[PDB]
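In this note's numbering, the protein residues as written are 3 to 52. Taking it in order: structure first as C-alpha coordinates, then the write-up.
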Amino acid sequence: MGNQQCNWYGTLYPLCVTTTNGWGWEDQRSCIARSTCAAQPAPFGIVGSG
(Lines of atoms letter the chains of each structure in order from A; the text may use other names.)
(Lines give C-alpha, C1' and ligand atoms only; values in the text may rest on other atoms or scores of the structure.)
Protein backbone atom coordinates (compact mmCIF):
# COMPACT_ATOMS: atom_id res chain seq x y z
CA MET A 3 0.00 0.00 0.00
CA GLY A 4 1.10 3.66 0.18
CA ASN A 5 -1.21 5.87 2.26
CA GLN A 6 -0.04 8.99 4.13
CA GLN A 7 -1.21 10.43 7.44
CA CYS A 8 -1.43 13.81 9.11
CA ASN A 9 0.53 13.93 12.36
CA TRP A 10 -1.54 16.99 13.17
CA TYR A 11 0.51 18.96 15.72
CA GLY A 12 0.06 15.76 17.79
CA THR A 13 -3.34 14.41 16.65
CA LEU A 14 -3.70 12.00 13.71
CA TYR A 15 -5.86 12.50 10.59
CA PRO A 16 -6.24 10.55 7.35
CA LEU A 17 -4.90 12.44 4.34
CA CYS A 18 -7.47 13.65 1.83
CA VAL A 19 -5.40 13.43 -1.36
CA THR A 20 -8.45 14.39 -3.47
CA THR A 21 -9.02 17.22 -1.02
CA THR A 22 -5.24 17.72 -1.02
CA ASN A 23 -6.42 21.10 -2.26
CA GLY A 24 -7.10 22.10 1.37
CA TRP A 25 -9.04 20.37 4.19
CA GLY A 26 -11.49 17.62 3.17
CA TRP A 27 -13.66 14.88 4.73
CA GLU A 28 -13.36 11.18 3.80
CA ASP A 29 -13.22 7.73 5.44
CA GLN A 30 -16.34 8.65 7.42
CA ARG A 31 -14.05 11.14 9.20
CA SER A 32 -12.08 14.34 8.50
CA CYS A 33 -9.17 14.01 6.04
CA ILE A 34 -6.44 16.66 5.75
CA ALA A 35 -5.11 17.51 2.27
CA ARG A 36 -1.77 15.97 1.19
CA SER A 37 0.82 18.54 2.21
CA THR A 38 -1.55 20.23 4.67
CA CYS A 39 -1.57 16.68 6.02
CA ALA A 40 2.07 15.75 6.13
CA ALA A 41 3.97 18.52 4.26
CA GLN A 42 3.40 20.49 7.49
CA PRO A 43 6.53 20.96 9.63
CA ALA A 44 7.54 18.61 12.47
CA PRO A 45 6.44 16.99 14.44
CA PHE A 46 3.55 17.42 11.97
CA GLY A 47 3.72 15.38 8.74
CA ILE A 48 2.91 12.00 7.14
CA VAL A 49 2.05 9.35 9.75
CA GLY A 50 1.42 5.61 9.30
CA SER A 51 4.14 3.49 10.92
CA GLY A 52 2.71 0.01 11.58
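Idealized CB from N, CA, C, for every residue including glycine.
Quick one: residues in its chain with C-beta nearer than 7 Å to the C-beta of residue i, no 5 flanking neighbours on either side, listed in chain order?
i, result
"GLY26", "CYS18, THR20, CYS33 and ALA35"
"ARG31", "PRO16"
"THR13", "none"
Taking a contact to mean a Cβ-Cβ separation below 9 Å, would you say residue i touches residue j in this structure?
i, j, result
"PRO45", "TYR15", "no"
"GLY47", "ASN23", "no"
Excluding five sequence neighbours on each side, which residues of the same chain lie with their C-beta closer than 8 Å to the C-beta of residue i?
i, result
"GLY50", "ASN5, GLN6 and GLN7"
Helix, strand or coil: which one does DSSP assign to residue i?
i, result
"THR38", "helix"
"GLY47", "strand"
"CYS18", "coil"
"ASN23", "coil"
Could you pull out every residue in the same chain whose Cβ sits closer than 6 Å to the Cβ of residue i, ignoring the five residues on either side in sequence?
i, result
"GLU28", "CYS18"
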